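Asks: Sequence first, structure after, both from an experimental entry:
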Amino acid sequence: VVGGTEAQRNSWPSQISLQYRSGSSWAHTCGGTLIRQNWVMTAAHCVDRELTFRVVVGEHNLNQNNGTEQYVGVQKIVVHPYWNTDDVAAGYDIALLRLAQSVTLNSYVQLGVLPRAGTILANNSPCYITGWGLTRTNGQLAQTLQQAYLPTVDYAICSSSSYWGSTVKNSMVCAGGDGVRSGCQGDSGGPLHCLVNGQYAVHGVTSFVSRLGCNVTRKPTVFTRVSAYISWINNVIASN
Ligand SMILES: [Ca+2]
């Protein structure tokens, strides 16, 4: 997260850290959202490679023991059937991970609230992006969970020539673009929490930013619109 601030520890309890094994050590690569005690929602491009993955819930500081963490392996990876790794702009950047064991829900670990199917947010709706991703373009990961206020930019405006143009689809959500705050590498797969009817719901899965950089004016961070995949998500969890 570029231009963010440290989140209160465990204030976004559904946020998870997706890590892969590199030799005898582990490295954070993406964010994700705990949607069931044994299911995590993340981006398809995060699990495109054949690596050994593990999920960490209740995490805050990646390098220190916070006394709230739970580590669990990944038993199954279900990528959306239309996902095309060579065309992130085509959409479908979403994947569901079945955890090897069910995590224990508590003060630091809770399920994320998903939107009702088809829900579209009005322009400039209040949302927050969270993650341990780079704090600057071509920079380094954040040690502690970061958050940044990132209001939405409706489709009509985001898909115009002044912003992303035809690179964005109606199956995506755009947020930010103020040139100061944005998601960045490492935030991928993470949530976009938006205030709807008094509660924060996960409306987006961080997908991509401009090749020019993370925080670019009129180049909002783009997210997979969760509300367009509710039926798919329910069908996978109900038959797997
Ligand atoms: Ca920690």
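Replies: Arrived safely. Numbers count the residues shown, from 1 in each chain.
Asks: if I pick residue 207, what's in contact with it?
Replies: By Cβ atoms under 8 Å, 6 or more residues apart in numbering, the contact list for residue 207 reads 43, 45, 88, 93, 172, 188, 222, 223, 224. Where you see a C-beta, it was placed from the backbone N, CA and C, and this is true even at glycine.
Asks: quick one: buried residues of stretch 79-95?
Replies: Within stretch 79-95, the residues that qualify as buried are 79, 80, 83, 88, 91, 92, 93, 94, 95, counting by 16 or more other Cβ atoms under 10 Å.
Asks: Convert the C-alpha atoms of the top helix by length along the chain to PDB, please.
Replies: If you go by DSSP state H, the chain has its longest helix at helix 230-238. Extracted in PDB, the C-alpha atoms of helix 230-238 (Å, rounded to 0.1, in the frame of the first residue of the first chain):
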ATOM      1  CA  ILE A 230     -21.100 -14.600  -5.600                       C
ATOM      2  CA  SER A 231     -22.900 -17.500  -7.400                       C
ATOM      3  CA  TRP A 232     -19.600 -19.000  -8.500                       C
ATOM      4  CA  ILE A 233     -18.200 -18.600  -4.900                       C
ATOM      5  CA  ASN A 234     -21.200 -20.300  -3.300                       C
ATOM      6  CA  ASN A 235     -21.200 -23.100  -5.900                       C
ATOM      7  CA  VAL A 236     -17.500 -23.900  -5.200                       C
ATOM      8  CA  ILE A 237     -17.800 -23.900  -1.400                       C
ATOM      9  CA  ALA A 238     -21.000 -26.000  -1.600                       C
END
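Asks: any idea how far the ion is from residue 177?
Replies: According to Cβ to the ion, to the nearest Å, residue 177 and the ion sit 32 Å apart.
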